[PDB]
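Below: one structure, written as structure tokens.
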Amino acid sequence: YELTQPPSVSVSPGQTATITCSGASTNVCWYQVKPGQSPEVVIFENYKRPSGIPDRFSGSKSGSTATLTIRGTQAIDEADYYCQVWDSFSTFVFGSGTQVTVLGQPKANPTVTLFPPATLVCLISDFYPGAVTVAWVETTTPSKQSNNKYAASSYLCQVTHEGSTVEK
Amino acid sequence: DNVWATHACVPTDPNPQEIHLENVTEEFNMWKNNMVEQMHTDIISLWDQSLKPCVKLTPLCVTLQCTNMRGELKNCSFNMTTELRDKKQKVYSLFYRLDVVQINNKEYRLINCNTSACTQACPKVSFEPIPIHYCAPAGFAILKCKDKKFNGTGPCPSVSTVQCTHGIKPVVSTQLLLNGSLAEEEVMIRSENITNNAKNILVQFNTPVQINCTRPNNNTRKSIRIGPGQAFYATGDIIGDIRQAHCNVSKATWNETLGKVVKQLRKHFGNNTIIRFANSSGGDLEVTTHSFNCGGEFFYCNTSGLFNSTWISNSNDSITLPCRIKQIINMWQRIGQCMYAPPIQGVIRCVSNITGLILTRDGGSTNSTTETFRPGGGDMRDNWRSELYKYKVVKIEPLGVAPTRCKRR
Amino acid sequence: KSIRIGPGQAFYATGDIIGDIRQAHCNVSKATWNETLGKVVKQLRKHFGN
Amino acid sequence: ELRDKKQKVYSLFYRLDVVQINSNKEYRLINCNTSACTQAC
Amino acid sequence: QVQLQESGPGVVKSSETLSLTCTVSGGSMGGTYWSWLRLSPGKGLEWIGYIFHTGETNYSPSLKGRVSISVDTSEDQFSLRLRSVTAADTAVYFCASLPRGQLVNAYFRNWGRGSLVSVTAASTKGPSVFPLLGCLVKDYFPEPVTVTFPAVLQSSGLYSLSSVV
Ligand SMILES: *[C@@H]1O[C@H](CO)[C@@H](O[C@@H]2O[C@H](CO)[C@@H](O[C@@H]3O[C@H](CO)[C@@H](O)[C@H](O)[C@@H]3O)[C@H](O)[C@H]2NC(C)=O)[C@H](O)[C@H]1NC(C)=O
Ligand SMILES: *[C@@H]1O[C@H](CO)[C@@H](O[C@@H]2O[C@H](CO)[C@@H](O[C@@H]3O[C@H](CO)[C@@H](O)[C@H](O)[C@@H]3O)[C@H](O)[C@H]2NC(C)=O)[C@H](O)[C@H]1NC(C)=O
Ligand SMILES: *[C@@H]1O[C@H](CO)[C@@H](O[C@@H]2O[C@H](CO)[C@@H](O)[C@H](O)[C@H]2NC(C)=O)[C@H](O)[C@H]1NC(C)=O
Ligand SMILES: *[C@@H]1O[C@H](CO)[C@@H](O[C@@H]2O[C@H](CO)[C@@H](O)[C@H](O)[C@H]2NC(C)=O)[C@H](O)[C@H]1NC(C)=O
Ligand SMILES: *[C@@H]1O[C@H](CO)[C@@H](O[C@@H]2O[C@H](CO)[C@@H](O)[C@H](O)[C@H]2NC(C)=O)[C@H](O)[C@H]1NC(C)=O
Ligand SMILES: *[C@@H]1O[C@H](CO)[C@@H](O[C@@H]2O[C@H](CO)[C@@H](O)[C@H](O)[C@H]2NC(C)=O)[C@H](O)[C@H]1NC(C)=O
Ligand SMILES: *[C@@H]1O[C@H](CO)[C@@H](O[C@@H]2O[C@H](CO)[C@@H](O)[C@H](O)[C@H]2NC(C)=O)[C@H](O)[C@H]1NC(C)=O
Ligand SMILES: *[C@@H]1O[C@H](CO)[C@@H](O[C@@H]2O[C@H](CO)[C@@H](O)[C@H](O)[C@H]2NC(C)=O)[C@H](O)[C@H]1NC(C)=O
Ligand SMILES: *[C@@H]1O[C@H](CO)[C@@H](O[C@@H]2O[C@H](CO)[C@@H](O)[C@H](O)[C@H]2NC(C)=O)[C@H](O)[C@H]1NC(C)=O
Ligand SMILES: *[C@@H]1O[C@H](CO)[C@@H](O[C@@H]2O[C@H](CO)[C@@H](O)[C@H](O)[C@H]2NC(C)=O)[C@H](O)[C@H]1NC(C)=O
Ligand SMILES: *[C@@H]1O[C@H](CO)[C@@H](O[C@@H]2O[C@H](CO)[C@@H](O)[C@H](O)[C@H]2NC(C)=O)[C@H](O)[C@H]1NC(C)=O
Ligand SMILES: *[C@@H]1O[C@H](CO)[C@@H](O[C@@H]2O[C@H](CO)[C@@H](O)[C@H](O)[C@H]2NC(C)=O)[C@H](O)[C@H]1NC(C)=O
Ligand SMILES: *[C@@H]1O[C@H](CO)[C@@H](O[C@@H]2O[C@H](CO)[C@@H](O)[C@H](O)[C@H]2NC(C)=O)[C@H](O)[C@H]1NC(C)=O
Ligand SMILES: *[C@@H]1O[C@H](CO)[C@@H](O[C@@H]2O[C@H](CO)[C@@H](O)[C@H](O)[C@H]2NC(C)=O)[C@H](O)[C@H]1NC(C)=O
Ligand SMILES: *[C@@H]1O[C@H](CO)[C@@H](O)[C@H](O)[C@H]1NC(C)=O
Ligand SMILES: *[C@@H]1O[C@H](CO)[C@@H](O)[C@H](O)[C@H]1NC(C)=O
Ligand SMILES: *[C@@H]1O[C@H](CO)[C@@H](O)[C@H](O)[C@H]1NC(C)=O
Ligand SMILES: *[C@@H]1O[C@H](CO)[C@@H](O)[C@H](O)[C@H]1NC(C)=O
Ligand SMILES: *[C@@H]1O[C@H](CO)[C@@H](O)[C@H](O)[C@H]1NC(C)=O
Ligand SMILES: *[C@@H]1O[C@H](CO)[C@@H](O)[C@H](O)[C@H]1NC(C)=O
């Protein structure tokens with residue numbers, strides 16, 4: 001028994017966003033988590049909403065797929081969303097998780113730097129879409145810089161970016 | 001006219017009086033009467049005062065050395081005190097797997113021995129429910145409704161007063177209403193709000209479905225005597241084979257009983273909806289399983305073959321429900337109060353009438369072409385709300401002023 | 001601290017003391033007490049001899 | 001909780017509640033010959 | 001209103017027992033399934049198990065056999081014990097609440113702030129500095145060391161970082 005979600009959804013500010021789940025036989029409830037914050041429910045049934053949650057979130061289930069739509073995404077609610085379905089054997093089955101991010105600054109190309117040693121190291125910096133892949137090992141989760149950008153490092157190279165590749 | 005005190009209750013008249021109030025239409029509400037909230041308090045009060053002269057099983061929270069359907073029964077040996085305060089004995093008993101927990105193998109304790117010591121039920125008082133009538137005090141009145149199509153809420157135009165209510169048996173049960181009053185004309189669906197799926201649904205039958213049980217283990221009870229005048233009735237050896245307890249529902253009646261239920265449920269949800277049934281979705285043992293008391297022993301039956309059907313709008317086989325037996329009972333969900341049930345010698349048989357259901361609807365859509373109904377339970381106030389639904393208590397205000405063409409000299 | 005002395009029965013004991021151990025005291029202001037004792041002794045001299 | 005087992009514990013009692021009975025010294029609670037105390041919740 | 005607070009050690013050695021304790025404040029312990037959850041960064045949110053006030057438990061089948069949840073109604077408290085923890089059992093651990101009844105439409109309420117644990121083989125090693133331009137730190141334990149790229153958790157349990165100028 002598996003529940004499948006898209007890994008990432010990226011939208012512009014002022015644009016709606018959609019998250020779909022699959023493989024659900026009963027009612028699905030959605031949780032929103034934040035880095036360093038406790039989870040909270042935003043849609044506690046297929047369509048219902050709890051008190052205190054604004055009306056930007058709306059969900060609907062059709063067959064075996066339950067979708068959650070955010071109307072007018074902002075700099076707020078840049079977060080990870082999970083789903084939950086009750087099952088008979090395992091009491092609660094959770095989804096893989098969908099990351100919702102917004103583009104409040106335009107795209108920038110990363111800068112790579114490789115250093116010969118026997119440890120080979122590549123340093124990547126200054127890129128706003130954080131989803132980057134490195135090929136040639138240990139790689140980092142791309143964390144935020146001081147100037148609202150991202151950096152990463154590799155240890156042992158080519159890097160793949162959205163519409164680009166840089167090999168050194 | 002036992003644990004249910006017939007001493008404190010005054011004797012009623014041999015024949016009651018029922019005046020048919022003509023031209024009277026009174027508004028009833030079964031979901032907000034204060035005759036079930038007083039009844040629940042009285043059930044608790046007359047329950048917990050019959051376990052006051054009974055023995056308190058505080059010396060029995062010891063270390064149990066336990067060895068081995070399969071795995072349900074455990075043979076536990078343990079130290080115990082004696083009438084003489086200087087000597088000790090080594091005794092053994094047969095406990096269930098639902099009553100013991102591992103200390104951290106062959107190292108067990110009772111499940112309640114962090115919370116409280118259970119009070120053993122006295123082996124002479126009976127657990128059989130007896131009918132009790134709730135009479136009104138002086139200056140008050142009880143207005144029975146006599147309509148045969150009443151759905152609990154709203155105006156009843158056939159209001160008649162009564163001295164006292166009919167015989168209401170305090171039968172505790174879950175997912176089924178055993179030994180209850182039957183409807184007169186059709187199967188009745190009663191809910192506080194049909195559209196809201198957080199409200200329980202009470203289904204009342206017009207014909208009963210018979211259920212018969214077995215506890216096929218020939219149990220032997222032995223009295224391990226703790227101290228001066230105090231005894232602990234344990235489980236001895238079981239004579240013969242060991243088989244699980246079960247109780248049966250006839251297939252040919254439960255089919256088309258569910259048909260009547262679906263036919264009366266399509267009047268609120270639409271003519272074309274596909275009515276489905278599922279077994280359970282609870283987490284507690286009392287909520288998941290049909291919990292009742294057969295003969296003195298508390299059964300938890302797995303009603304999964306009963307609620308397994310789908311219904312789309314267009315002769316001796318029986319359904320066997322396996323049941324589990326528990327001895328440490330926390331009945332009214334009070335924190336820190338349990339009760340140990342002594343074993344009963346021989347074979348125990350049910351015979352009971354299924355006279356209702358407590359269903360719960362799974363929502364999800366505003367426009368749904370299918371509906372799923374699962375058995376509920378939990379609170380015991382819905383068991384007695386299926387009997388005190390036609391009754392209403394009122395006070396009399398006999399003082400009026402009126403204009404008349406006459407004056408005092 | 002909690003010490004389980006039986007089934008469902010706990011004894012609340014005093015554990016270790018973080019820091020230093022100092023006496024528990026009772027502050028009473030001095031000038032207000034002197035004024036209040038003056039107000040007392042005025043009416044005591046009224047009731048007991050001038 | 002199990003009456004066939006014991007535990008060695010310690011506490012900090014005041015001097016006014018503790019009386020002698022006669023490395024360390026043996027003491028007892030002050031009302032161990034008059035009554036039994038009821039602990040306030 | 002009912003609030004839930006976690007408490008436990010932050011560093012747990014491998015092949016040991018991880019113990020946490022959630023304390024409730026306000027409300028009562030009856031009619032509630034007290035649940036334990038964790039949020040791993042690699043496998044997402046997970047459910048460990050719940051317990052009723054009577055003593056009936058329900059554990060997840062993935063973690064069945066090395067988990068134990070217990071309550072204490074006299075102190076309004078409950079606790080979790082995981083046995084034989086490995087390096088993949090690090091997450092943020094939450095304690096939550098479920099209403100008693102049907103669990104088909106039930107969702108977790110009264111979340112705690114979350115207690116972060118980490119299961120590492122603590123072999124304390126001094127940093128080794130290699131020049132490259134820039135500098136590299138090969139192996140050190142534990143976090144942190146000042147010199148600024150963030151640290152890398154290797155498969156051997158030792159941290160590494162680099163710096164460029
Ligand atoms: C309601 O009925 C469903 C089926 O209609 C019951 O679910 C079934 O529960 C059993 C035991 O709890 C599961 O068996 C176990 O499954 C796996 C097989 O990989 C294994 O771990 C065990 O050996 C065992 O056989 C069974 O899979 C499961 N069936 C389904 C379809 O999920 C459910 O328990 C009933 N609910 C009640 C009585 O509350
Ligand atoms: C619903 O009502 C029926 C009918 O009253 C109940 O069955 C009755 O159960 C009692 C349990 O104490 C039986 O009494 C015992 O029976 C034997 C034979 O005398 C013996 O062990 C005891 O001396 C005692 O009298 C009673 O016989 C039995 N009635 C019939 C006709 O078999 C049933 O238990 C009720 N259901 C519930 C859930 O309360
Ligand atoms: C439960 O265990 C006890 C021992 O604690 C068993 O009692 C013994 O049974 C054997 C076999 O019949 C006899 O030879 C011994 O004399 C018994 N000992 C005592 C002290 O009575 C008992 O049979 C077990 N019960 C079961 C397996 O149902
Ligand atoms: C009943 O009590 C007896 C007497 O103390 C227990 O037998 C001893 O148990 C201890 C437990 O530490 C063992 O070390 C001894 O070897 C046992 N025998 C003797 C002769 O002292 C017995 O275990 C108790 N029964 C239980 C707990 O089921
Ligand atoms: C189960 O239901 C049957 C059918 O309603 C009950 O049998 C009736 O009992 C009443 C008691 O006043 C009699 O007047 C009827 O004549 C009986 N009808 C038949 C067809 O026998 C039976 O009593 C119920 N059982 C229980 C335990 O309540
Ligand atoms: C029980 O029956 C009464 C009487 O039919 C229902 O009361 C009606 O409720 C609706 C709700 O929208 C009102 O608009 C009507 O005015 C009420 N009266 C009548 C005469 O129709 C009540 O809803 C029923 N309850 C159920 C089915 O649970
Ligand atoms: C019975 O339940 C329904 C469904 O929840 C209630 O209808 C909702 O009422 C709220 C306000 O209380 C509205 O915001 C919703 O839009 C309604 N939902 C639908 C689907 O109509 C209804 O109010 C309840 N009945 C009573 C008498 O309270
Ligand atoms: C419930 O029904 C089952 C059969 O569906 C009954 O089990 C039979 O019992 C008789 C009498 O002892 C045996 O001869 C048969 O072999 C059993 N059948 C099977 C398939 O094992 C059971 O007794 C019924 N329970 C009741 C009436 O309480
Ligand atoms: C349970 O076991 C007891 C004890 O073996 C059975 O009691 C016997 O019953 C027969 C038949 O009535 C009598 O002739 C015997 O005198 C009884 N005693 C003994 C010691 O054998 C009892 O019948 C069994 N129960 C069932 C339902 O079979
Ligand atoms: C429950 O038990 C009763 C008897 O207690 C069963 O009724 C018997 O049914 C058979 C088969 O039709 C008849 O031969 C008997 O005459 C009936 N006995 C009595 C006393 O009426 C009934 O069938 C059982 N119900 C089940 C197994 O669902
Ligand atoms: C209640 O009963 C149902 C069926 O009567 C049980 O479901 C079966 O569980 C066993 C467990 O080993 C599985 O092998 C079967 O495949 C299940 N049957 C079906 C049709 O799914 C159910 O487990 C029982 N509930 C309990 C024991 O809690
Ligand atoms: C009261 O005395 C106990 C011993 O009876 C002290 O507990 C010990 O404290 C020392 C402090 O160095 C620790 O090393 C030991 O491990 C402690 N032993 C136990 C069994 O816990 C306790 O600290 C004393 N309390 C004070 C001084 O406030
Ligand atoms: C008892 O404590 C109170 C509260 O701390 C003291 O009141 C303070 O008095 C000082 C002057 O002495 C003021 O500046 C503060 O503003 C007061 N605090 C408040 C909260 O009003 C009081 O003086 C103390 N009494 C004594 C020392 O006799
Ligand atoms: C209980 O014991 C206390 C402690 O010994 C007793 O209190 C002392 O009693 C003696 C009697 O000779 C007095 O001289 C002491 O002054 C008492 N106080 C202390 C602090 O030692 C007490 O009297 C006993 N109570 C009884 C016997 O009822
Ligand atoms: C013996 O008892 C154990 C207790 O864990 C149980 O698992 C086992 O099935 C029993 N039987 C045998 C033959 O080992
Ligand atoms: C409950 O009893 C078990 C088994 O002995 C024990 O491990 C646990 O600590 C107890 N709980 C409390 C709160 O004392
Ligand atoms: C639903 O079906 C019944 C069948 O008798 C019919 O009387 C009723 O009018 C139908 N309702 C609607 C709204 O068509
Ligand atoms: C209904 O019962 C049958 C026979 O017991 C079983 O095979 C089937 O799976 C059940 N139906 C559902 C939907 O689980
Ligand atoms: C106890 O004593 C030492 C030495 O005097 C002192 O430094 C320390 O701060 C004290 N401990 C506490 C907890 O105050
Ligand atoms: C007490 O003595 C004072 C001194 O000031 C005087 O004023 C007052 O009259 C006297 N009172 C009486 C009752 O003698």
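FYI, it's all coordinate maths here, none of it is from the lab. Methodologically, a virtual Cβ is constructed for each residue, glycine included, from the backbone with ideal geometry; neighbour enumeration extends over all protein chains shown.
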Check your understanding: Hey, got the dipole for the protein assembly as shown? About the Cα centre, +1 on K and R Cβ, -1 on D and E Cβ, debye to the nearest 20?
Key -> 2140 debye
Point to revise | Local net charge near B:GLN175, Cβ-Cβ under 12 Å (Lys/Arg +1, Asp/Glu -1) | key: -1
Study note, to complete from the structure: Output row, site A:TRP136, 7 Å Cα→C-beta label point, backbone N cut-off 20 Å, window region E:131-154, residues E:131-132, E:134-140, E:149-154
Review point. Would you list E:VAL165, B:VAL287, B:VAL347 from fewest to most Cβ contacts within 10 Å?
Key: E:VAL165, B:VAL347, B:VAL287
Study note, to complete from the structure: Note to self: C-alpha centroids of region B:296-343 and region B:186-241 sit apart, in Å, by 7 Å
Check your understanding: Label D:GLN20 and E:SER19 with points 7 Å out from Cα along Cα→Cβ: what is the distance between them in nm?
Key -> 3.9 nm
Review point. Which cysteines does chain E leave without a neighbouring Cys Cβ under 4.7 Å?
Key: E:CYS135
Point to revise | For C:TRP33, B:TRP311, order by how many other beta-carbon atoms lie within 10 Å, fewest first | key: C:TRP33, B:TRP311
Point to revise | Estimated [θ] at 222 nm from DSSP helical runs (n ≥ 4, -39500 (n - 2.57)) normalised by residues in the protein assembly as shown, nearest 500 | key: -2000 deg cm²/dmol
Check your understanding: If you find the alpha carbon centre of region E:16-64 and of region A:100-146, how far apart are they in angstrom?
Key -> 38 Å
Revision key, fill the gap. Computed for region B:97-187: size of charge dipole around the Cα centre, +1 on C-beta of each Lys and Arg, -1 on C-beta of each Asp and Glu, debye to nearest 20, value 200 debye
Study note, to complete from the structure: Per 5 angstrom bin, beginning at 0 and ending with the bin that holds the maximum distance, the Cα pairs of region B:226-333 fall in percents of 2, 9, 14, 16, 15, 14, 11, 7, 4, 3, 3, 2, 1, 0, 0
Practice item. Provide the net charge surrounding E:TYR93, with neighbours chosen by a C-beta distance below 11 Å and charges set as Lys +1, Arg +1, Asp -1, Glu -1. Key: -1
Review point. If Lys and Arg each add +1 and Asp and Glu each add -1, what is the summed charge of the other residues whose beta carbon sits under 15 Å from the beta carbon of B:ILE142?
Key: +1
Exercise for review: Measure nothing fancy, just the Cα-based angle from helix C:30-48's long axis to the longest principal axis of chain C, in degrees from 0 to 90, nearest 10.
Suggested key: 50 degrees
Revision key, fill the gap. Straight-line reach check, E:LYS125, cutoff 16 Å on alpha carbons, 8 or more apart in-chain or any other chain, hits among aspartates and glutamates -> E:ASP139, E:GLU143
**Study point:** Partners for B:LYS267 among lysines (Cα-Cα distance below 30 Å; same-chain residues under 8 apart left out)
**Key:** A:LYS48, A:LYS61, B:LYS32, B:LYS144, B:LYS146, B:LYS148, B:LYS149, B:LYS199, B:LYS251, B:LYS390, B:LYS392
Check your understanding: Based on the Cβ-Cβ distance of D:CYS41 and A:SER51, what FRET efficiency does E = 1/(1 + (r/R0)^6) give at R0 = 30 Å, to the nearest 0.05?
Key -> 0.30
**Study point:** Positive-pole candidate from E:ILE51, E:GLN77, E:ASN105, dipole of region E:2-109, charges at beta carbon
**Key:** E:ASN105
Revision key, fill the gap. Dipole check, region B:180-292, charges on Cβ (K,R +1; D,E -1), about Cα centroid: among B:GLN230, B:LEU202, B:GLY180 the Cα furthest to the positive pole belongs to B:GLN230
Practice item. Can you put B:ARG374, C:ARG4, B:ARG215 in order of Cβ neighbours within 10 angstrom, beginning with the fewest? Key: C:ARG4, B:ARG374, B:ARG215
Study note, to complete from the structure: Each label sits 7 Å from Cα toward the beta-carbon; between E:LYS125 and B:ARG243 the label points are separated, in nm, by 6.7 nm
Point to revise | Dmax and Rg, reported as Rg then Dmax, of region B:247-308 (C-alpha, Å) | key: 14.5, 45
Exercise for review: Round to the nearest 0.05 the FRET efficiency obtained for A:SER62 and B:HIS268 when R0 = 22 Å and r is the Cβ-Cβ distance.
Suggested key: 0.35
Practice item. Place +1 on the Cβ of every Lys and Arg and -1 on the Cβ of every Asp and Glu in the protein assembly as shown, take the dipole about the Cα centre, and give the residue among E:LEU153, A:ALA152, A:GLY104 whose Cα lies farthest towards its positive end. Key: E:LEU153
Revision key, fill the gap. Inter-part gap, Cα centre of region B:52-128 to Cα centre of region A:48-82, in whole angstrom, is 53 Å
Study note, to complete from the structure: With +1 on the Cβ of every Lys and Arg and -1 on the Cβ of every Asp and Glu, the dipole magnitude of region B:220-347 about its Cα centre, in debye rounded to the nearest 20, is 280 debye
Exercise for review: For region B:339-387, run through the trypsin sites (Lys or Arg not before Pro) and keep only the ones in DSSP coil with at most 12 other Cβ atoms within 10 Å of their Cβ.
Suggested key: B:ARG349
Exercise for review: Among the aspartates and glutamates, select those whose C-alpha is under 14 Å from the C-alpha of E:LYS13, and discard any that sit fewer than 8 residues away in the same chain.
Suggested key: E:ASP89
